[PDB]
Amino acid sequence: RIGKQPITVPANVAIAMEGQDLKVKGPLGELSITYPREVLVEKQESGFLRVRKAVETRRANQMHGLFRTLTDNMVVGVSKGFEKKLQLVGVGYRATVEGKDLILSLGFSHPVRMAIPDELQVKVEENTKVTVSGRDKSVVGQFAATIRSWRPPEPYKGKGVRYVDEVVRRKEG
RNA sequence: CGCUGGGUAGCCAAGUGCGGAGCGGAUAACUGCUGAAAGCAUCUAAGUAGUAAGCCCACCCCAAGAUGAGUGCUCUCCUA
């Protein structure tokens, strides 16, 4: 299952294990997550962490696999980083950068002046598609959903803000 | 007011001014972000984001008999 899998820690990724807390030190940030009340972690003198249950119960079997893949997202998050590939479908849906902010002409009256945070490096390499880059997957997903929460792709319109190779329902009439 | 014609100050509107503000807080329905119990998944079981004329606060007034009777400033207790 999920919970029995060694944490693949790559090179130049320092593991810091503290009292009820994980402090990872990757080259692209230091993510910090408090341990659950029923999960105690063990290490075998290398780049392989193993979270372990502390009590025979159901909730430790919830946060065992949950906390397992969350620490996987910690180590892979601070080592390589996660990127989302949004795409503005259609004509006039242009997206560009204002230094600290990001502006989205989406067919409204005024283009949306949505502020990117400091932890995410976004890039517009072509005027439609926007690569939201970041360390942690949850912030990339929340801000990518926040940009997505203005114009979802309508089926008859066939034209909105969708991310790459995700199947979208379309209709003929 | 004998019946009429006008009218100051009052009162009144039909007249004249003003109000109904909030990237303030938490939510209901819903859309989600990572995401496990069934190595696939799923808005949730951990955490968390947008958001209702609805709830609360802010808004105007009364208001410590709020007996839980508040707080601050100031005055006065003399003669045998």
# chains A, B, ... in the order shown; residues from 1 in each chain; ligands from 1
$ closest_atom_pairs --of "chain A" --to "chain B" --cutoff "7 Å" --atoms "only C-alpha atoms (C1' of nucleotides)" --output "CSV"
residue,atom,partner,partner_atom,distance
A:1,CA,B:39,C1',4.3
A:2,CA,B:39,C1',5.2
A:62,CA,B:36,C1',5.5
A:63,CA,B:46,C1',6.6
A:65,CA,B:36,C1',5.4
A:66,CA,B:36,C1',4.5
A:137,CA,B:34,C1',6.4
A:138,CA,B:34,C1',4.6
A:141,CA,B:33,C1',5.0
A:142,CA,B:33,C1',4.6
A:145,CA,B:32,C1',6.9
$ select_by_dssp --residues "region 14-108 of chain A" --states "strand (DSSP E)" --output "VMD selection string"
chain A and resid 14 to 18 21 to 25 32 to 34 39 to 43 48 to 53 82 to 88 94 to 98 101 to 105
$ atom_distance --atom1 "CA of residue 52 (chain A)" --atom2 "CA of residue 39 (chain A)"
5.7 Å
$ residues_around --residues "residue 28 (chain A)" --least-positions-apart "2" --cutoff "9 Å" --atoms "only C-alpha atoms (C1' of nucleotides)" --output "ChimeraX atom specification"
/A:25-26,30,77-81,135
$ residues_around --residues "region 25-30 of chain B" --least-positions-apart "2" --cutoff "12 Å" --atoms "only C-alpha atoms (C1' of nucleotides)" --output "ChimeraX atom specification"
/B:22,32,43,50-52,54-58
$ write_last_selection --atoms "N, CA, C and O atoms (P, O5', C5', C4', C3', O3' and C1' of nucleotides)" --output "PDB file, in the first residue's frame"
ATOM      1  P     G B  22     -20.003  48.366  -0.008  1.00  0.00           P
ATOM      2  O5'   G B  22     -18.909  47.705   0.939  1.00  0.00           O
ATOM      3  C5'   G B  22     -17.634  48.307   1.095  1.00  0.00           C
ATOM      4  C4'   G B  22     -16.942  47.845   2.352  1.00  0.00           C
ATOM      5  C3'   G B  22     -16.629  46.363   2.445  1.00  0.00           C
ATOM      6  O3'   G B  22     -15.468  46.012   1.717  1.00  0.00           O
ATOM      7  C1'   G B  22     -17.515  47.131   4.502  1.00  0.00           C
ATOM      8  P     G B  32     -15.481  20.386  -9.116  1.00  0.00           P
ATOM      9  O5'   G B  32     -13.945  20.543  -8.726  1.00  0.00           O
ATOM     10  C5'   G B  32     -13.531  20.580  -7.367  1.00  0.00           C
ATOM     11  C4'   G B  32     -12.638  21.764  -7.101  1.00  0.00           C
ATOM     12  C3'   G B  32     -11.220  21.447  -6.661  1.00  0.00           C
ATOM     13  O3'   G B  32     -10.377  21.125  -7.751  1.00  0.00           O
ATOM     14  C1'   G B  32     -12.120  23.179  -5.312  1.00  0.00           C
ATOM     15  P     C B  43     -13.496  15.257  -6.072  1.00  0.00           P
ATOM     16  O5'   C B  43     -13.482  16.173  -4.769  1.00  0.00           O
ATOM     17  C5'   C B  43     -12.265  16.468  -4.105  1.00  0.00           C
ATOM     18  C4'   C B  43     -12.505  17.016  -2.721  1.00  0.00           C
ATOM     19  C3'   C B  43     -13.508  16.256  -1.870  1.00  0.00           C
ATOM     20  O3'   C B  43     -12.926  15.121  -1.247  1.00  0.00           O
ATOM     21  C1'   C B  43     -13.900  18.600  -1.712  1.00  0.00           C
ATOM     22  P     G B  50      -9.927  32.598   0.532  1.00  0.00           P
ATOM     23  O5'   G B  50     -10.438  32.636  -0.973  1.00  0.00           O
ATOM     24  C5'   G B  50     -11.359  33.627  -1.389  1.00  0.00           C
ATOM     25  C4'   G B  50     -12.219  33.157  -2.532  1.00  0.00           C
ATOM     26  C3'   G B  50     -13.695  33.466  -2.395  1.00  0.00           C
ATOM     27  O3'   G B  50     -13.997  34.806  -2.731  1.00  0.00           O
ATOM     28  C1'   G B  50     -13.406  31.238  -3.153  1.00  0.00           C
ATOM     29  P     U B  51     -14.570  35.804  -1.613  1.00  0.00           P
ATOM     30  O5'   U B  51     -16.131  35.498  -1.613  1.00  0.00           O
ATOM     31  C5'   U B  51     -16.835  35.341  -2.834  1.00  0.00           C
ATOM     32  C4'   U B  51     -18.014  34.422  -2.667  1.00  0.00           C
ATOM     33  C3'   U B  51     -18.868  34.673  -1.441  1.00  0.00           C
ATOM     34  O3'   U B  51     -19.736  35.778  -1.587  1.00  0.00           O
ATOM     35  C1'   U B  51     -18.461  32.357  -1.651  1.00  0.00           C
ATOM     36  P     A B  52     -20.279  36.544  -0.286  1.00  0.00           P
ATOM     37  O5'   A B  52     -21.837  36.236  -0.324  1.00  0.00           O
ATOM     38  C5'   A B  52     -22.463  35.946  -1.562  1.00  0.00           C
ATOM     39  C4'   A B  52     -23.911  35.585  -1.386  1.00  0.00           C
ATOM     40  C3'   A B  52     -24.654  36.327  -0.294  1.00  0.00           C
ATOM     41  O3'   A B  52     -25.021  37.638  -0.678  1.00  0.00           O
ATOM     42  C1'   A B  52     -25.212  34.029  -0.227  1.00  0.00           C
ATOM     43  P     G B  54     -28.835  39.782   4.991  1.00  0.00           P
ATOM     44  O5'   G B  54     -29.132  38.261   4.615  1.00  0.00           O
ATOM     45  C5'   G B  54     -30.410  37.679   4.843  1.00  0.00           C
ATOM     46  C4'   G B  54     -30.293  36.278   5.387  1.00  0.00           C
ATOM     47  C3'   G B  54     -29.557  36.155   6.710  1.00  0.00           C
ATOM     48  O3'   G B  54     -30.385  36.435   7.824  1.00  0.00           O
ATOM     49  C1'   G B  54     -28.704  34.560   5.192  1.00  0.00           C
ATOM     50  P     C B  55     -29.857  37.390   9.002  1.00  0.00           P
ATOM     51  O5'   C B  55     -28.736  36.522   9.724  1.00  0.00           O
ATOM     52  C5'   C B  55     -29.082  35.465  10.604  1.00  0.00           C
ATOM     53  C4'   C B  55     -27.885  35.013  11.397  1.00  0.00           C
ATOM     54  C3'   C B  55     -27.124  36.114  12.118  1.00  0.00           C
ATOM     55  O3'   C B  55     -27.703  36.479  13.358  1.00  0.00           O
ATOM     56  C1'   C B  55     -25.598  34.763  10.933  1.00  0.00           C
ATOM     57  P     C B  56     -27.651  38.007  13.850  1.00  0.00           P
ATOM     58  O5'   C B  56     -26.112  38.261  14.161  1.00  0.00           O
ATOM     59  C5'   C B  56     -25.490  37.651  15.280  1.00  0.00           C
ATOM     60  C4'   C B  56     -23.996  37.849  15.268  1.00  0.00           C
ATOM     61  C3'   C B  56     -23.505  39.284  15.313  1.00  0.00           C
ATOM     62  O3'   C B  56     -23.559  39.862  16.604  1.00  0.00           O
ATOM     63  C1'   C B  56     -22.282  38.086  13.689  1.00  0.00           C
ATOM     64  P     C B  57     -23.834  41.438  16.766  1.00  0.00           P
ATOM     65  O5'   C B  57     -22.513  42.129  16.203  1.00  0.00           O
ATOM     66  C5'   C B  57     -21.285  42.040  16.910  1.00  0.00           C
ATOM     67  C4'   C B  57     -20.115  42.499  16.072  1.00  0.00           C
ATOM     68  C3'   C B  57     -20.130  43.954  15.640  1.00  0.00           C
ATOM     69  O3'   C B  57     -19.745  44.856  16.663  1.00  0.00           O
ATOM     70  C1'   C B  57     -19.553  42.601  13.796  1.00  0.00           C
ATOM     71  P     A B  58     -20.483  46.277  16.795  1.00  0.00           P
ATOM     72  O5'   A B  58     -19.999  47.086  15.511  1.00  0.00           O
ATOM     73  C5'   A B  58     -18.649  47.505  15.384  1.00  0.00           C
ATOM     74  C4'   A B  58     -18.336  47.976  13.985  1.00  0.00           C
ATOM     75  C3'   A B  58     -19.130  49.173  13.490  1.00  0.00           C
ATOM     76  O3'   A B  58     -18.648  50.415  13.967  1.00  0.00           O
ATOM     77  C1'   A B  58     -19.162  47.506  11.840  1.00  0.00           C
TER      78        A B  58
END
$ atom_distance --atom1 "CA of residue 167 (chain A)" --atom2 "CA of residue 127 (chain A)"
21.8 Å
$ closest_residue --among "A:4, A:113, A:159, A:64" --to "residue 95 (chain A)" --atoms "only C-alpha atoms"
A:113
$ residues_around --residues "residue 83 (chain A)" --least-positions-apart "4" --cutoff "12 Å" --atoms "only C-alpha atoms (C1' of nucleotides)" --output "PDB file with C-alpha atoms, in the first residue's frame"
ATOM      1  CA  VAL A  76      10.068  15.745  -3.715  1.00  0.00           C
ATOM      2  CA  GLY A  77       8.656  19.236  -3.124  1.00  0.00           C
ATOM      3  CA  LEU A 120       5.656  30.537  -6.637  1.00  0.00           C
ATOM      4  CA  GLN A 121       7.683  31.365  -9.744  1.00  0.00           C
ATOM      5  CA  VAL A 122       5.188  31.551 -12.594  1.00  0.00           C
ATOM      6  CA  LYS A 123       6.155  31.996 -16.227  1.00  0.00           C
ATOM      7  CA  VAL A 130       0.893  29.673 -17.988  1.00  0.00           C
ATOM      8  CA  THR A 131       3.384  27.495 -16.095  1.00  0.00           C
ATOM      9  CA  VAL A 132       2.819  27.960 -12.358  1.00  0.00           C
ATOM     10  CA  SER A 133       6.053  26.774 -10.727  1.00  0.00           C
ATOM     11  CA  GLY A 134       6.551  26.237  -7.025  1.00  0.00           C
ATOM     12  CA  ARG A 135       7.987  24.193  -4.189  1.00  0.00           C
ATOM     13  CA  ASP A 136       4.988  22.633  -2.431  1.00  0.00           C
ATOM     14  CA  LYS A 137       2.232  20.942  -4.432  1.00  0.00           C
ATOM     15  CA  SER A 138      -0.647  22.308  -2.334  1.00  0.00           C
ATOM     16  CA  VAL A 139       0.188  25.979  -2.943  1.00  0.00           C
ATOM     17  CA  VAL A 140       0.615  25.336  -6.690  1.00  0.00           C
ATOM     18  CA  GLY A 141      -2.735  23.542  -6.716  1.00  0.00           C
ATOM     19  CA  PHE A 143      -3.252  29.120  -6.773  1.00  0.00           C
ATOM     20  CA  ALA A 144      -3.734  27.150 -10.001  1.00  0.00           C
ATOM     21  CA  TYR A 163      -4.759  22.614 -17.837  1.00  0.00           C
ATOM     22  CA  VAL A 164      -2.901  20.287 -20.193  1.00  0.00           C
TER      23      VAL A 164
END
